[PDB]
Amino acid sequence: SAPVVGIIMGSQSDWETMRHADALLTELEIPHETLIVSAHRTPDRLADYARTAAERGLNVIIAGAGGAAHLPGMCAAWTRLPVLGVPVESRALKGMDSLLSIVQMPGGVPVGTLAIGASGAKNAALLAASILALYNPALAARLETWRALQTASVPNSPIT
């Protein structure tokens, strides 16, 4: 089935983080593609990917990178689609550089930014799901189930 979400990441080293977005989309049965695209090492690959995303049928892009993390913002520069940004935890600055590089977009070109690291990757996929759910009733019910199970599954007290 044709992908409706693109997951892109700046490097293989981001995969340990971005796999959490991939897994969540698969759990909810959201067809998606998962690609490496570097804003800096493959800038024309990025331009082409972002420019053609909509005509290819993508609805949402999830972009993850670390450091001077420009992949989400430059993707949003070329697509009208919603772009969600995952700050990957960097070694020295723990993703604060990633976070500021992604979230602080000037007015005109948005990136919806999620938490640093694996939680943000998971939430980027959930956010993409909640967007798709607006016009896909079956997916909306599966998302409702997912959220209900999350809530119901929280224990009442810690295990010691």
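Sequential numbering from 1, following the sequence displayed.
Handout entry: Comparing 45-53 with 62-70, the one whose average Cα B-factor in the PDB entry is higher
Key = Going by the record's values, the stretch with the higher mean is 45-53.
Practice task
Select between 26-34 and 99-107 the stretch whose C-alpha atoms have the higher average B-factor in the entry.
Solution key: On average, C-alpha B-factors are higher across 26-34.
Exercise for the section: Tell me, lowest, middle or highest third: where does the Cα B factor of residue 150 rank within its chain? Expected result: It belongs to the lowest third of the chain when residues are ordered by C-alpha B-factor.
Exercise for the section: Ordered by C-alpha B-factor within the chain, which third holds residue 119? Give me lowest, middle or highest, please. Expected result: Highest third - that is where residue 119 ends up once the chain's C-alpha B-factors are sorted.
Problem - Chain third (lowest, middle, highest) by recorded CA B-factor, residue given as residue 2 - result: It belongs to the highest third of the chain when residues are ordered by C-alpha B-factor.
Exercise for the section: Pull the Cα B-factor of residue 92 out of the PDB entry and bin it into the chain's lowest, middle or highest third. Expected result: Within its chain, residue 92 is a highest-third residue by C-alpha B-factor, going by the deposited values.
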